[PDB]
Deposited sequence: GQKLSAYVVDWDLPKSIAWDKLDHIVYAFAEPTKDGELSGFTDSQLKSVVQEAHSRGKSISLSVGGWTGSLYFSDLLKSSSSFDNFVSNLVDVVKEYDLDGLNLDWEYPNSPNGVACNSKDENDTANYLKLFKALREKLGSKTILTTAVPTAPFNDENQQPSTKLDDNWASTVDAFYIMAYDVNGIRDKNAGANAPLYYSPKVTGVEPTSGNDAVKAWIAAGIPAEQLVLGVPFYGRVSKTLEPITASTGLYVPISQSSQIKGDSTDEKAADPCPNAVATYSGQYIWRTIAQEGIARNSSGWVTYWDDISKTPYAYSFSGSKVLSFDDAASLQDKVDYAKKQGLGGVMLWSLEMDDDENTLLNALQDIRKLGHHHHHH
């Protein structure tokens, strides 16, 4: 899986450029307070799985996400909720014939992310309990990945773990660094960036070949002011939460509506990514011996696949 591409349940790519990618990550299934799965479309996940297998491609289900991380901590600290969650993850792998599961908790024991997310000092340890249990329960041929922040999972004082249980690196196949929404939106060099994140995760104990550099097909605008037509005002799943904008401009608005040396990204203020910066990220990933790259998200590209084409050197 040198090149993985996220697709979203609420806006699937009408047509997937299958031979231009290796791996589809389907977002999101949201864990409920009770360890159930929710939020994704049966028929749609079935159909995408069937198409991926027909095209000889692999597909994972992403569990969690920005508004799907409310109950990870609560679920994983307790016992039979942990077990119920593990069993339902095994069962969704059964049901949908999945090649992998991608765990996207944002974030273990963190003040960042959705404000009212459940958080506990033991979140990273129970998260690895979850991964060891999943590797247990699913077999060796199931792909276990996680979408990860720019720094190793927070410790029990809400600081990036300086060392990780190498049962991480031996249980989890790949770690997808979400090196975007940093501030540059997806800076390659920097107080963090893709390079700084790769350094931190390598120093924490995750080898480079199990690290996957995450790149965006969008940019963020600043003067939170509104982005383009897809930036709708939205509130987090917390009572009384203020609804806000993201500032998002997907690549398609940039393209149809017609440089920063330090971060190696383009500015317009709209900080975003084009074929040049994405090629720079690919060159970085190759020079560092990373496992590949992941992209968020596939539907944001244009008809002529500008951004997906600019990534082909990884594969």
property	result
Missing stretches, numbered from 1 on the deposited chain sequence and kept in order	1, 185-192, 200-207, 241-259, 295-305, 316-322, 370-378
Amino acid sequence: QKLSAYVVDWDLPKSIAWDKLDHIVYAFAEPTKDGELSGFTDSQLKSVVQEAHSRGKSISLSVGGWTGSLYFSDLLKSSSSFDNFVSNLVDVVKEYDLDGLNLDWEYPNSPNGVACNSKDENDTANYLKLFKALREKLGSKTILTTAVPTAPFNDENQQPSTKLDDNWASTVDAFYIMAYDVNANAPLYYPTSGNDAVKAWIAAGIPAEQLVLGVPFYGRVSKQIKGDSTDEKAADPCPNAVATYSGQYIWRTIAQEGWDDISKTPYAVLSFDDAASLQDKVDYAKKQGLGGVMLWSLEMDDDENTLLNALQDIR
From here on, numbers count along this sequence of modelled residues.
item: Which of 146-154 and 163-171 has higher mean CA B factor, as the PDB entry lists it; value: 163-171
item: 57-65 versus 273-281 - greater average Cα B-factor per the deposited record; value: 273-281
item: Candidate set 47, 265, 288, 32 [ranked by C-alpha B-factor, highest]; value: 265
item: Residue selected from 193, 88, 185, 81 by maximal Cα B factor; value: 81
item: B-factor third for the C-alpha atom of residue 23 within its chain; value: lowest
item: Modelled-residue ranking by C-alpha temperature factor, third containing residue 96; value: middle
item: Ranked C-alpha temperature factor of residue 216 among modelled chain residues, by third; value: lowest
item: Relative C-alpha B-factor of residue 123, binned into the chain's lowest, middle or highest third; value: highest
item: B-factor third for the C-alpha atom of residue 70 within its chain; value: lowest
